[PDB]
Amino acid sequence: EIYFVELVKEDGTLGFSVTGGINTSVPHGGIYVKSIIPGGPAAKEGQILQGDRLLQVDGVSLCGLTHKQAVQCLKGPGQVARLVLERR
């Protein structure tokens, strides 16, 4: 099931990390939520769960991206990150 999260960054972070990418052995080469920081943006917003698949960041699909490219997607200059995830 696909869900939508709007996160306001705090001190440059969204309060979660990711694993995966096409150059890794995760299922489908996808990007998955790894850790979530207590009291961070993702934790406070409440929807994101560890293990969910991150499909899209700010309207840009992560399909086909390497690990480094997805991380770069999450570390951009905008104050707000618009994320699309799969419950996994």
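Along the sequence shown, the residues carry numbers beginning at 1. Note that these values count all heavy atoms, side chains included, but never hydrogens, waters or copies made by symmetry.
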Would you check if [X] and [Y] make a side-chain contact, meaning some heavy-atom pair closer than 4.5 Å?
X	Y	value
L7	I48	yes
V18	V71	yes
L83	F4	no
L85	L55	no
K34	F16	no
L74	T13	no
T19	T24	no

Distance-only, no hydrogens or angles: does the [X] side chain make a donor-acceptor pair with backbone N or O of [Y] under 3.5 Å?
X	Y	value
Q79	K9	yes
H67	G20	yes
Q69	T66	yes

Rounded to the nearest 0.5 Å, what's the gap from [atom1] on [X] to [atom2] on [Y]? Could you check?
X	Y	atom1	atom2	result
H28	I22	NE2	CD1	15.0 Å
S17	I37	OG	CD1	6.5 Å
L62	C73	CG	SG	5.5 Å

Mind checking whether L14 and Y3 sit in one hydrophobic cluster, side chains of I, L, V, M, F, W, Y counted as touching below 4.5 Å?
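They do share one cluster, since a chain of ILVMFWY contacts under 4.5 Å joins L14 to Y3.
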In one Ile/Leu/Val/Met/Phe/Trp/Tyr side-chain cluster, 4.5 Å: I36, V5:
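Yes, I36 and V5 fall within the same hydrophobic cluster.
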Of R87, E1, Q47, which meets side chain to side chain contact (heavy atoms under 4.5 Å, CB included) against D52?
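That would be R87.
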CA sep, side-chain torsions, deciding dist, call: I31, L65, side-chain contact (heavy atoms from CB on, under 4.5 Å)
CA-CA 9 Å; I31 301 296; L65 274 59; 5.9 Å; no
Least distance between heavy atoms, [X] atom then [Y] atom:
X	Y	result
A42	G15	CB-O, 4.1 Å
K44	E10	NZ-OE2, 2.5 Å
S61	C63	OG-N, 3.1 Å

Using the ring of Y32 (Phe, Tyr or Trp, six-membered ring only), decide whether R88 places NZ or CZ under 6.0 Å from its centre and within 45 degrees of its axis.
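No.
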Is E86 atom CD crowded by more than 12 heavy atoms from other residues, nucleotides or ligands, each under 6.0 Å away?
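Check passes, neighbour count above 12.
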